[PDB]
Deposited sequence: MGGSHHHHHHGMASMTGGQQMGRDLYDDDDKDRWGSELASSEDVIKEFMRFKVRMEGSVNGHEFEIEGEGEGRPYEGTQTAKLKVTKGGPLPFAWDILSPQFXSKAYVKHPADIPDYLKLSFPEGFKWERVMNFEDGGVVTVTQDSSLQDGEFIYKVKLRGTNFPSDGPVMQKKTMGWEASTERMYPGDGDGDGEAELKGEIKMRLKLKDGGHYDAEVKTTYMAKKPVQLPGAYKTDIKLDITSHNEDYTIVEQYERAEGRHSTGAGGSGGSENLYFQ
C-alpha cells in the first residue's frame, strides 16, 4: 500500500505559551528514497507570535530510506498506521509536547498533530522569532516501551540544534515514542540521519514550504 510515490495531508492544532493556532497542509515524496516536501498554511491564529522552527519537525517517518537489513517498522504498520508522542526540552527551559496519529485513507497518508508549547521565555528566541532553521540531526532509534504499558515499540532520541539569527545555536533534547497500531516486527537499534530545510515562505510565515531527507543506517 506504500507506493514509490505517496502524498499526505496534515492538520495541526496547538498552542504555544497560550497562543492557539491551526495549520493545514499537504505533502508528497518518495518513501523508499527518503525524500519529501510539504506546504503548510496557517488557517487560524496567524500570523504566529513565535518561531516557525519549533513546528517544522512535527509535520513523517514513513518516508525514511531504510537499508534492507533494518526492518522498516513504520512502513510495515500500514495501512492501519502508527502513532507517535514527542517531548522536546529546550536549553532555556521551553517544552514542546506532541501527539500524532498517522493513517492511510484513499491512497494518501493522513496526519493529525496536536501540539503544546510551554515554559518559553517571553524574550527568548522562540517567542521573539529569532531562529533560522535546524542543523542536520542524527536520531538514535531503539526498541523499548515508551508509553509505559510494558510492551515494546520504537523509541528515538535526538539532540537537535536550532540556528539563532544572532549567531550560534539553541539546543533541544528530543524523545519520541513510535507505536504501530498493529503488531509489527521491531528492529534492533540503529541511527537515522535527517535534514529539514525551509525552502520558501511568505512574509509572515503563514504559508511555508519544507523539504526533508532522512536515511537509516547501522550504528
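- Absence of C-alpha coordinates is noted for several segments of the deposited sequence, namely 1 to 43, 103, 264 to 278.
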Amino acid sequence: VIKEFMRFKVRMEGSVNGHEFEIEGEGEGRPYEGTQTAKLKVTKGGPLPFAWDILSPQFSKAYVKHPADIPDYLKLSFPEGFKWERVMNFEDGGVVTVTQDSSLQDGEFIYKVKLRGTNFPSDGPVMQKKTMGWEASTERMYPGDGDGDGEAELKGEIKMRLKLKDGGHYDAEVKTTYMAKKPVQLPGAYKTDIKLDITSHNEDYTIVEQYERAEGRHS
From here on, numbers count along this sequence of modelled residues.
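- The PDB entry records a higher mean C-alpha B factor for 102 to 110 than for its counterpart among 83 to 91 and 102 to 110.
- Per-stretch averaging of Cα B factors for 201 to 209 and 6 to 14 places 201 to 209 on top.
- For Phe59, the recorded CA B-factor ranks within the middle third of the chain. Only modelled residues enter the ranking.
- Annotation for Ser122: CA B-factor lies in the highest third of the chain's modelled residues.
- Per-chain ranking of the deposited C-alpha B factor places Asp145 in the middle third.
- Among the modelled residues of its chain, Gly156 has a C-alpha B-factor that falls in the lowest third according to the deposited record.
- In the deposited entry, the Cα temperature factor of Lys182 places it in the highest third of its chain's modelled residues.
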